[PDB]
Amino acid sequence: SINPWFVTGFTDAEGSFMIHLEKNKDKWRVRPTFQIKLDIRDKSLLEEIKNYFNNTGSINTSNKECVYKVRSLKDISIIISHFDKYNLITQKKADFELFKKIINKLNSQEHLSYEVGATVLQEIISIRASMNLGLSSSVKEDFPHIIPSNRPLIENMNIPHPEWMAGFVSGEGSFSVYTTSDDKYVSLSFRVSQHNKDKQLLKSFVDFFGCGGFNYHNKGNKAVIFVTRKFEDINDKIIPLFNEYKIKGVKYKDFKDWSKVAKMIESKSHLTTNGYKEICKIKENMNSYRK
């Protein structure tokens, strides 16, 4: 019984709305897809999303990865109606919304293969142009025409429900325990990172938690980070929030472990060597180091 706002936040973080164009004799097939992909560690959270959407689509699994793909046109409408009731708020909103347009053109034609007779098709290709990466260079072989405007959405970014934040953070959050090189101090941090595109949304997080700060990820300012470090702030605001809007997936355990350490810091155990050794043990088994 997982929250629709959760689902949206998660697909604001992972999640794609794609239209692919596939040539086949004189005709081009228009293949749409909506996709979440993750590392196989978190297959279970994908199983859960998939049930949220009745049981549309199919999960696929290789060595390291797993993929949820919903490609069929009947299946895709269930999805659209969710995201219409529960709007994305990252730039991904604009790729979803081009995707809707294309879907509508296709429903109004009750088919998905087109003769280069490019009305319906040229429109689709113009739309598809300003979407994700955009045109294959072999669709640029067959078409030199123009691209429609991509809806802006820049202030259009108030966080809609805390649960959004829990799906999103379950996606792009990290829960980290720092130790000094001396091996004498220990500290926590909560970080959520994102492309420049959505700089404006991330800074809005500082309001959402009433703590932390916003900085740059890397010198070539291509990337941004929301970070909290003050233990005051982590123990009062960040932890209690997420106890009430649960994080889902493997990250949930990273959260439990993190907030286990948070407790030993509260009670000052981190300044005793047994506390310190104990924390270190928890650290060696969280995040990418788990199992």
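In this text, residue numbers run from 1 along the sequence as written.
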Averaging the C-alpha B factors as listed in the entry, name the stretch that ends up higher: 166 to 174 or 100 to 108.
100 to 108
135 to 143 set against 182 to 190, stretch whose average Cα temperature factor tops the other in the entry:
135 to 143
Listed options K25, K283, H270, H20: highest C-alpha B factor recorded at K25
Residue selected from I127, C211, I79, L73 by maximal Cα B factor
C211
Third of chain Cα B-factors occupied by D257
lowest
Split into thirds by Cα B-factor across the chain's modelled residues, where does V250 land: lowest, middle or highest?
middle
Modelled-residue ranking by C-alpha temperature factor, third containing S62:
highest
Quick tally, chain-level thirds of C-alpha B-factors: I234 sits in the lowest
Sorting the chain's modelled residues by C-alpha B-factor and splitting them into thirds places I40 in the highest
